[PDB]
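To keep things clear, I will list the structure first and then write my remarks on it.
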Amino acid sequence: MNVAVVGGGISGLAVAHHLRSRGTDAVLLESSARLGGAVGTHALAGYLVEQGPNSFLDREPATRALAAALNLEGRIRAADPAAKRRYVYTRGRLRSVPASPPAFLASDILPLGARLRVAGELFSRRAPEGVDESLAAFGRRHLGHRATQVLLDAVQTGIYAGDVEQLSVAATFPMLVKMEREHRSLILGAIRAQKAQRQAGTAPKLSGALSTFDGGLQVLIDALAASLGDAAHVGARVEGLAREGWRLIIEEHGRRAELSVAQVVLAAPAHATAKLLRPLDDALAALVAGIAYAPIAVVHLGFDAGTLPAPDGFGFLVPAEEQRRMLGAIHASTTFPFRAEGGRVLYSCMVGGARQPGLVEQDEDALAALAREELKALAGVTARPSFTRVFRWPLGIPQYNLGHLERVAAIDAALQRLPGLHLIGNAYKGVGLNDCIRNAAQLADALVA
Ligand SMILES: Cc1cc2nc3c(=O)[nH]c(=O)nc-3n(C[C@H](O)[C@H](O)[C@H](O)COP(=O)(O)OP(=O)(O)OC[C@H]3O[C@@H](n4cnc5c(N)ncnc54)[C@H](O)[C@@H]3O)c2cc1C
Ligand SMILES: O=C(O)c1cc(Oc2ccc(C(F)(F)F)cc2Cl)ccc1[N+](=O)[O-]
């Protein structure tokens with residue numbers, strides 16, 4: 001009858017909520033003093049600043065179903081007035097990322113032969129057979145070297161803070177690999193997909209717009225916390241589990257307690273879930289423990305109204321070949337004007353990632369100085385900030401590197417030999433908010449069986 005959920009980030013919260021909304025009592029245990037995990041918005045100095053995540057793409061049904069179940073649909077906010085441009089630092093300046101194929105062919109984002117080579121994606125050679133090919137290898141084959149170096153590397157940085165040479169395209173971009181399987185060429189697949197839809201409606205159509213909530217993504221967290229209420233325990237570290245069924249040893253209020261449930265859902269990060277799995281299956285815990293994370297810091301810089309202009313666009317990204325100490329920045333106030341009061345301008349700068357993890361081990365003063373130097377060199381920002389807030393995440397973002405899918409497949413096969421045990425979270429089948437929520441609901445539905 002009962003389920004324990006371990007971990008209270010978006011995945012754990014969404015699993016417990018979906019179980020309870022279908023009449024399965026779930027208890028959730030969070031080791032921290034607060035729910036949310038990576039998600040957290042802070043009201044400071046006239047800003048709403050985001051701990052980690054800033055937005056979701058309003059294209060996932062599960063996230064809309066969850067907002068509806070939580071009476072949040074009217075609190076969903078779209079991606080700013082202007083602010084539809086993306087920039088990439090390449091060849092000495094911030095350069096606008098073209099949004100259409102005709103704008104791309106006329107653009108200076110890449111040299112002429114390299115743009116012509118992107119059009120030659122029509123003639124892409126077959127994928128290597130039976131090979132878990134990298135993102136960078138995938139790009140060279142489809143796009144050319146220049147487009148991969150600067151453009152695909154940028155896209156990858158904004159989502160995973162990873163290494164383009166190490167990421168599995170099949171794990172990181174399932175839909176690109178599927179289109180490749182069906183159509184070889186991505187351009188061909190798109191032409192054909194447009195033909196298909198243009199040949200022949202109850203619920204409203206999802207815009208795919210870059211979205212958040214009126215008070216940040218904290219609104220979603222506060223709402224899950226209020227929905228679960230007593231069923232979700234804060235400052236409850238799980239330090240053991242074993243068969244009996246399933247018994248959890250919990251450390252709440254500085255003391256030991258025990259809990260007995262029919263089924264356990266582990267929604268903690270790979271390193272923490274591996275620690276719990278070790279006494280049950282050493283080989284399984286090693287698989288789980290082998291999932292790499294990339295460290296990441298966010299440096300928020302607030303500016304008094306008038307001291308600099310409002311930066312155009314959602315933000316910018318910087319390719320690894322540029323050999324810079326910053327990954328990119330939002331443009332938080334341009335994108336979402338409600339997250340800053342009285343004309344104040346907020347940048348949220350991202351530092352670290354897979355290729356420079358050591359920068360995240362620096363102190364906040366040094367990270368703020370780094371962000372200011374880089375923002376000067378790349379964006380031309382000379383003004384002095386009146387606000388500074390640094391968050392460091394050095395358990396960082398899961399890296400779906402070569403061999404990831406076969407790892408997760410072997411993680412799944414080991415879980416079958418352990419009835420009533422289940423994994424969920426950003427480590428396995430999707431890093432983003434939307435993936436976590438969709439995967440969370442899908443597990444919850446399958447448990448009521
Ligand atoms: C800076 C950055 C920017 C991001 N931007 C975006 C973006 O804008 N869009 C997007 O879609 N995604 C974004 N993400 C990714 C996304 O936010 C995360 O993948 C997601 O929030 C992770 O949720 P989770 O529930 O799976 O894990 P977590 O949030 O890490 O939650 C796991 C929880 O389990 C707890 N725990 C660990 N051990 C125990 C224990 N033994 N007992 C009890 N509890 C335990 C931890 O305290 C933690 O709170 C971003 C991430 C980073 C950090
Ligand atoms: O969403 C992006 O792709 C984007 C992300 C940025 O910052 C990050 C946000 C989140 C992460 C994450 F998720 F990897 F932690 C990395 C970075 Cl560099 C900056 C700029 C952009 N952009 O499109 O112009």
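Naming works like this for the structure tokens: A, B, ... for the chains as they're shown, residue 1 at the start of each chain, ligands 1 onward in shown order.
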| message | Taking only C-alpha atoms and all ligand atoms into account, list the residues no farther than 6 Å from ligand 2, as a ChimeraX atom specification. | response | /A:86-87,155,157-161,314-317,327-330,350
Deliver the residues from the most recent selection as a file, using N, CA and C atoms, as a short mmCIF file (atom, residue, chain, number, x, y, z; two decimals), in the first residue's frame.
data_model
loop_
_atom_site.label_atom_id
_atom_site.label_comp_id
_atom_site.auth_asym_id
_atom_site.auth_seq_id
_atom_site.Cartn_x
_atom_site.Cartn_y
_atom_site.Cartn_z
N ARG A 86 19.13 34.81 -29.60
CA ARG A 86 20.21 34.17 -28.85
C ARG A 86 21.53 34.65 -29.46
N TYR A 87 22.56 34.76 -28.63
CA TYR A 87 23.88 35.15 -29.13
C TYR A 87 24.92 34.08 -28.84
N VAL A 155 24.74 24.99 -28.00
CA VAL A 155 23.50 24.30 -27.61
C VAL A 155 23.72 23.30 -26.46
N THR A 157 26.30 23.37 -24.35
CA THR A 157 26.76 24.11 -23.18
C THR A 157 25.57 24.68 -22.39
N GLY A 158 24.60 25.23 -23.11
CA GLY A 158 23.41 25.80 -22.49
C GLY A 158 22.48 24.80 -21.80
N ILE A 159 22.65 23.51 -22.09
CA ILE A 159 21.80 22.45 -21.52
C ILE A 159 22.54 21.54 -20.53
N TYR A 160 23.77 21.15 -20.85
CA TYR A 160 24.48 20.15 -20.04
C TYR A 160 25.75 20.66 -19.37
N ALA A 161 26.27 21.80 -19.83
CA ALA A 161 27.58 22.30 -19.39
C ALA A 161 28.62 21.17 -19.54
N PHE A 314 17.82 36.66 -24.97
CA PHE A 314 17.70 35.77 -23.81
C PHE A 314 19.01 35.68 -23.03
N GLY A 315 20.12 35.76 -23.76
CA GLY A 315 21.46 35.64 -23.19
C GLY A 315 22.46 35.27 -24.27
N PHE A 316 23.64 34.83 -23.85
CA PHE A 316 24.65 34.35 -24.80
C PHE A 316 25.37 33.10 -24.33
N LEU A 317 26.05 32.46 -25.27
CA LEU A 317 26.76 31.23 -25.02
C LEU A 317 28.13 31.40 -25.63
N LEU A 327 30.83 30.26 -19.35
CA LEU A 327 30.06 29.45 -20.31
C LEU A 327 29.00 30.24 -21.09
N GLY A 328 28.51 31.31 -20.48
CA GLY A 328 27.46 32.17 -21.03
C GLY A 328 26.67 32.86 -19.93
N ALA A 329 25.65 33.64 -20.31
CA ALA A 329 24.79 34.36 -19.34
C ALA A 329 23.37 34.63 -19.84
N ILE A 330 22.39 34.54 -18.94
CA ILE A 330 21.02 35.10 -19.06
C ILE A 330 21.16 36.43 -18.27
N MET A 350 27.13 31.77 -15.98
CA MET A 350 27.38 30.35 -15.70
C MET A 350 28.85 30.04 -15.86
#
| request: Tell me which protein, DNA and RNA residues are within 12 Å of residue 67 in chain A, counting only C-alpha atoms, leaving out same-chain ones fewer than 3 positions away, and put them as an NGL selection string. | output: :A and (14 or 17 or 58 or 60-64 or 70-76 or 212-213 or 217 or 219-221 or 223-224 or 434 or 437)
| field | Distance in Å - CA of residue 127 in chain A versus CA of residue 397 in chain A | value | 27.5 Å
| Given a cut-off of 6 Å, what residues near ligand 1 show up using only C-alpha atoms and all ligand atoms, put as a PyMOL selection string? | chain A and resi 6-12+29-32+37-39+52-56+236-239+267-269+272+396+425-426+431-434
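Proximity to residue 209 in chain A at 8 Å, evaluated using only C-alpha atoms and with sequence-adjacent residues fewer than 3 positions away removed, yields residues 57, 58, 59, 78 and 79 of chain A.
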| message | Can you tell me which residues surround residue 121 in chain A at a distance of at most 7 Å, considering only C-alpha atoms, apart from same-chain residues fewer than 4 positions away, and format the answer as a PyMOL selection string? | response | chain A and resi 117+142-143+185+187
